[PDB]
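Structure first, then comments.
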Amino acid sequence: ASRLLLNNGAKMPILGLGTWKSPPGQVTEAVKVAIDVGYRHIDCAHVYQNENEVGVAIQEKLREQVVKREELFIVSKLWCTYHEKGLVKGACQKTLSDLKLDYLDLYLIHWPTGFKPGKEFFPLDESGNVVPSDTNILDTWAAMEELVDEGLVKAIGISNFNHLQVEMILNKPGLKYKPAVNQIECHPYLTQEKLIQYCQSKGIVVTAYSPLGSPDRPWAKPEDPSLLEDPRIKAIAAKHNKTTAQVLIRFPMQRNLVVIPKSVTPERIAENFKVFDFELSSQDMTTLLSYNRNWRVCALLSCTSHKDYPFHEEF
Ligand SMILES: NC(=O)c1ccc[n+]([C@@H]2O[C@H](COP(=O)([O-])OP(=O)(O)OC[C@H]3O[C@@H](n4cnc5c(N)ncnc54)[C@H](OP(=O)(O)O)[C@@H]3O)[C@@H](O)[C@H]2O)c1
Ligand SMILES: O=C(O)Cc1nn(Cc2nc3cc(C(F)(F)F)ccc3s2)c(=O)c2cscc12
């Protein structure tokens, strides 16, 4: 509808605002505008290095009595350098301190790969390989469950897990909480049908990231594929008298996914919200699904030999 139910009974807004690459100097105004426009879900992470500034916006709007806390669905994520069981609570509390909140709605394992603990987000050796840590997804999951038990987070989940990694959590001895959500890259050029079918079949809500193809990702080249400029998608938009962004946001919604487009531009933040008053046809949905090229925006070559690297599997 406009929300999907999670395994804890919470209603997750199907549309949220993404914050990766939203600079600290611009993000506060972006989140204020988004809340005004009607977004009730913000996707955050410690590695985005902007949680303080998102927190400022949230507090402004709570103080303005625009929203109360219970009407917001705030997501953040545990960065790769904090997979050690003993570091998880501190990481969560730092995020909470930065966001100026007392709890998160959802806290995710950001990637299945643990990285060497320390002050660098991407610890590299002298040949530029990311340095891994002696951590594993099951032990980290156990530490995530403690956060629920402690009341710091309402729901926990995973991000960028392949179907075997999801399976490993579900099959964990002594599992206490099933993951609520798996947040994965999803757009017409990477449709993920098998992994979505798997996750949904298992009662895990899927959130689609990079739904516009992340045209501002820092490793994009001007010649790379571009969803917003794909003339085939432009045609589908024109037929509905919508923008290509609206089509791209609507597409995951009709697959029963949560979607989290990012913008720091007020006009676009508003534009991107106007997706609840039209429907893509069956033909439109099939056509968009047929553009799948297994083209992935978010992967790092410097991690491909990690034991937990998620993208060697078919799904
Ligand atoms: N879990 C993970 O590992 C992971 C990985 C990637 C992303 N994510 C999450 O998913 C969110 C969304 O993915 P993303 O940031 O990679 O990219 P995205 O949402 O696919 O694309 C954002 C880009 O599209 C532009 N844009 C947005 N609305 C527009 C519109 N209506 N017209 C034209 N251009 C438009 C933005 O420009 P402006 O901002 O300048 O307006 C920005 O350059 C992230 O911010 C983050 O919250 C999670
Ligand atoms: O992690 C995000 O949400 C987006 C993101 N994505 N990436 C690309 C990444 N790919 C991976 C791949 C892995 C893995 F699991 F495949 F090894 C782990 C961490 C990363 S981060 C970045 O380099 C980066 C710098 S700040 C935010 C990012």
Side-chain angles (χ1 to χ4, degrees), residues 2 13-23 26-27 29-31 33-34 37-39 41-45 48 50 159-160 183-193 195-196 206-300 311:
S2 63
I14 301 163
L15 179 68
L17 181 70
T19 65
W20 176 32
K21 311 173 260 58
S22 295
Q26 292 170 261
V27 71
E29 188 65 21
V31 170
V33 165
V37 161
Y39 293 75
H41 166 187
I42 318 291
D43 185 70
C44 305
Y48 307 159
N50 62 7
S159 183
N160 301 296
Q183 178 181 138
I184 65 181
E185 192 179 325
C186 188
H187 47 71
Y189 305 159
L190 181 80
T191 51
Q192 304 252 36
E193 290 195 52
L195 179 51
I196 290 169
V206 170
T207 300
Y209 76 71
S210 301
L212 317 179
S214 204
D216 58 339
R217 65 191 183 291
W219 46 84
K221 316 256 173 275
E223 67 264 13
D224 272 311
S226 171
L227 287 162
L228 287 168
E229 293 175 15
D230 192 318
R232 298 171 295 186
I233 304 173
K234 299 163 65 65
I236 296 172
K239 174 179 75 154
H240 290 285
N241 188 40
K242 292 283 177 173
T243 69
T244 62
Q246 292 160 342
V247 168
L248 291 160
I249 295 167
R250 186 68 194 183
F251 170 45
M253 288 172 67
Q254 294 184 207
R255 303 176 68 192
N256 289 325
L257 310 177
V258 179
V259 60
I260 53 171
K262 171 268 177 179
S263 178
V264 285
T265 309
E267 306 94 89
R268 298 171 170 182
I269 292 164
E271 166 185 335
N272 289 353
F273 200 76
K274 296 182 211 318
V275 295
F276 297 93
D277 62 349
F278 81 110
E279 291 191 300
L280 290 171
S281 67
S282 310
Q283 182 143 226
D284 287 338
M285 291 299 289
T286 308
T287 296
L288 291 164
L289 288 171
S290 87
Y291 299 157
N292 175 59
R293 297 198 309 267
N294 308 305
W295 185 80
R296 198 180 277 289
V297 147
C298 250
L300 279 172
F311 300 136

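The figures that follow rest on heavy atoms only: side chains count, while hydrogens, waters and symmetry mates do not. Positions are given from 1, in the same order as the sequence printed here.
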- Is the count of non-hydrogen atoms from other residues, nucleotides or ligands lying under 6.0 Å from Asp277 atom CG greater than 12? yes
- So which heavy atom on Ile196 is nearest to which on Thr191, and how close? CD1-O, 3.6 Å
- Item | side-chain contact (heavy atoms from CB on, under 4.5 Å) evaluation trace for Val297 with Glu185 | CA-CA 8 Å; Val297 147; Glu185 192 179 325; 3.3 Å; yes
- Would a distance-only check, ignoring hydrogens and angles, find a side-chain to backbone donor-acceptor pair under 3.5 Å from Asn292 to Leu289? no
- For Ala30 and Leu17, work out which heavy atoms get closest and say how close. O-CD2, 4.2 Å
- Would you say the side chains of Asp230 and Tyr291 form a donor-acceptor pair under 3.5 Å? no
- Residue list, side-chain contact (heavy atoms from CB on, under 4.5 Å) with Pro266, at least two apart or on another chain: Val33
- Task: Kindly write out the residues that satisfy ring-ring contact (aromatic ring centres under 6.0 Å, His included) with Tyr39, not counting sequence neighbours, or none if the list is empty.
- Result: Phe273
- Item | Set of side-chain contact (heavy atoms from CB on, under 4.5 Å) partners for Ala299, sequence neighbours left out | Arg296, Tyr309, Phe311
- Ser214 side chain vs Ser210 backbone, donor-acceptor pair below 3.5 Å: no
- Mind checking whether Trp295 and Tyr189 have parallel, tilted or perpendicular rings, split at 30° and 60°? perpendicular
- Task: Go through the structure and list residues passing ring-ring contact (aromatic ring centres under 6.0 Å, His included) with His187, not counting sequence neighbours.
- Result: none
- Message: If I take atom CD1 from residue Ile249 and atom CD1 from residue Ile14, how far apart are they, to the nearest 0.5 angstrom?
- Response: 13.5 Å
- Item | Row check, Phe251 ring normal vs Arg255 NZ/CZ: under 6.0 Å, within 45° | yes
- Find the distance between CG (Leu248) and NZ (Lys242) and round it off to the nearest 0.5 Å. 13.5 Å
- Query: Donor-acceptor pair, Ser281 side chain versus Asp284 backbone, under 3.5 Å?
  - Reply: yes
- Calculate, to the nearest 0.5 Å, the distance between atoms CZ and CG belonging to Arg232 and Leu227 respectively. 9.0 Å
- Nearest heavy-atom contact between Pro261 and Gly16 is CD-O, 3.4 Å
- Item | Among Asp216, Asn50, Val31, side-chain contact (heavy atoms from CB on, under 4.5 Å) partner for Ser22 | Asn50
- Note on the structure: Rounded to the nearest 0.5 angstrom, the CD1-CD1 distance for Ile260 and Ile42 is 10.5 Å
- Message: Ignoring hydrogens, what is the shortest heavy-atom contact between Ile269 and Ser263? Give both atom names and the distance.
- Response: CD1-O, 3.5 Å
- Message: side-chain contact (heavy atoms from CB on, under 4.5 Å) for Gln192 and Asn294? Distances and angles first, verdict last.
- Response: CA-CA 8 Å; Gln192 304 252 36; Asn294 308 305; over 6 Å; no
- Query: When rounded to the nearest 0.5 angstrom, what distance separates NZ in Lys239 from CG in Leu280?
  - Reply: 8.0 Å
- Message: Is a donor from one side chain sitting under 3.5 angstrom from an acceptor on the other, for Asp43 and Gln183?
- Response: yes
- Task: Quick one: do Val258 and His41 satisfy side-chain contact (heavy atoms from CB on, under 4.5 Å)? Show the steps, please.
- Result: CA-CA 10 Å; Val258 179; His41 166 187; 3.4 Å; yes
- Query: Does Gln246 reach the main-chain N or O of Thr243 with its side chain, forming a donor-acceptor pair under 3.5 Å?
  - Reply: yes
- Message: Between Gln254 and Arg250, does the side-chain hydrogen bond (donor to acceptor under 3.5 Å, both in side chains) criterion hold? Intermediate values first, please.
- Response: CA-CA 6 Å; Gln254 294 184 207; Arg250 186 68 194 183; 2.8 Å; yes
- Look up atom CG in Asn272 and atom NZ in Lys262, then write down how far apart they are to the nearest 0.5 Å. 11.0 Å
- Task: Please report the shortest heavy-atom distance between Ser2 and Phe276, naming the atom on each side.
- Result: CB-CE2, 4.1 Å
- Message: Quick check against the 3.5 Å criterion: does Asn160 have a side-chain atom that pairs as donor or acceptor with the backbone of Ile184?
- Response: no
- Sequence-distant partners of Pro218, side-chain contact (heavy atoms from CB on, under 4.5 Å), two or more places apart: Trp20, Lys21
- For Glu279, the side chain to side chain donor-acceptor pair (under 3.5 Å) test, sequence neighbours excluded, returns none
- Between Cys186 and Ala208, what is the shortest heavy-atom contact and its length? CB-CB, 3.6 Å
